[PDB]
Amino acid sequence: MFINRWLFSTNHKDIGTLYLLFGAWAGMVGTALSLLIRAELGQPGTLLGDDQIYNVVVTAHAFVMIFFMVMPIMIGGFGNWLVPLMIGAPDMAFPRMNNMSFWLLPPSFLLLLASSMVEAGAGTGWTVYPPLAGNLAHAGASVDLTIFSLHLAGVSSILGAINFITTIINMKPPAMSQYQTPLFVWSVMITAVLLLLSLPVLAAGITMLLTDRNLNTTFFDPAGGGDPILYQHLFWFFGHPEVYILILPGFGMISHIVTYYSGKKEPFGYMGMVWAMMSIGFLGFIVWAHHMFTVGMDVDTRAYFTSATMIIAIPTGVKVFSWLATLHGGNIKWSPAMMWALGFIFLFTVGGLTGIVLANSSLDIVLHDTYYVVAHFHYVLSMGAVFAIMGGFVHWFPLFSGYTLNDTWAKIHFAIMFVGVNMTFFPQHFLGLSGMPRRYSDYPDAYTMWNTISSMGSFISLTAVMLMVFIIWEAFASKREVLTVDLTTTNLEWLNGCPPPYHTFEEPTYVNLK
């Protein structure tokens, strides 16, 4: 029975639960790696005495947080749990292929850990640029294990994307048009389209790197007429859509959380929110070379990428102002999930605005490959994704588990986290403006003060993470069972109780056309 249920699952809820467990475990790995980064930088000099190991830690930090924590939690975890419930569907379109998307991830993670254990690891950056990642500067198995890890994660998400698109297009009640589906469902749909188109380009690029490393191809090797810059194009052609992939389900959860704790039946300007996510998804495919402003590109190309990149602020602003307009006139409930969402809105805005600074290629010359970029994305991506994830987790924990969290503990956790992340990352703006490069194990002495503060901040967030674990333990230890949930009329995922039965919507909802 255990094996049938947990290894052979064809159930969207159980598979969602598997993803959440996987993602939580990955979050602990990614967090440990981040602390090692900040420990090395916490005082001037060397802590590890081995900068190849430093670079391996940085590289793994990124892959773990992106591919094993964020994507599995948002798309695999919340997507699987919530999407079928929110459209009254009995499961995903391909419930068995769904299970393979999950089971591909532990082997993918195993390949990443193998890369770090063999030889000297892959000390490449999560970008894995040749020639550093090539077979001369990184001889041996590490980089190939990294490529294979990415292959498996790629296949997992591509099949997942096919599953979500099909489910969302095909499995709504017959009367429900796409313009009657909740925003989170939209956000998963759009994310899945981005995955479907972008991951195969990455797969092509890393396959070419694999063949350069093992089959004597020279796609990226000038000796054979290749070009290291070609790899960068292929990687970032995936890599920009990827950053939008990482935030979109977050925007979706934020819309639900803000609506809910404002006591509203609906988000402000639903069609504008749909429009904004689609526009962001589209524009996300035409801006990638803003990651390459220093590689030696022509001026007109730089002017174009600067302009196209800035335009994304417009639909994004529509979403930010619509969240504010959702709060407007709300009966505000200061739940822990609401606090996460409010934190998300402001931290995402800060990071988005530093993105606009970076979009300007002239300024990016001086800011590229400095801590200003690291600060930008830890606000918009790291805080944005994590705050949306924590908001969604606290909000829907009682749905998934049937048990309540202690709200006071959860508020304490939010408070510690808010202080920690801002102490960690805010000073990194100063480090970047003043010229400290990223991907460094040590820094000229002038940079000591901000690096010291930033590392102290990282320990504060460690305390918050440890507390998060205790809080989840306390919920399961105490077993306060859910009774009534407000606003079920506009939050269908709650209407089958907590937790919902294994099989829901065996009899589908009735929705007439009028």
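In this text, residue numbers run from 1 along the sequence as written. If you superpose the two forms and keep the largest set of C-alpha atoms that fall within 1.5 Å, you have the rigid core.
Between stretches 31-39 and 45-53, the one whose Cα atoms sit farther from the displayed model in 7 other deposited structures of this protein on average is 45-53 (core-aligned, root mean square). With each structure aligned by its rigid core, the stretch whose Cα atoms sit farther from this model in 7 other deposited structures of this protein, between 147-155 and 376-384, is 376-384. Sort the modelled residues of the chain by CA B factor and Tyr403 lands in the highest third. In this PDB entry, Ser101 carries a Cα temperature factor that places it within the middle third of its chain's modelled residues. In the deposited entry, the Cα temperature factor of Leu492 places it in the middle third of its chain's modelled residues. Remark: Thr218 belongs to the middle third of its chain, ranked by C-alpha B-factor as recorded.
Looking at the C-alpha B-factors along this chain, the one for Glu266 belongs to the highest third.
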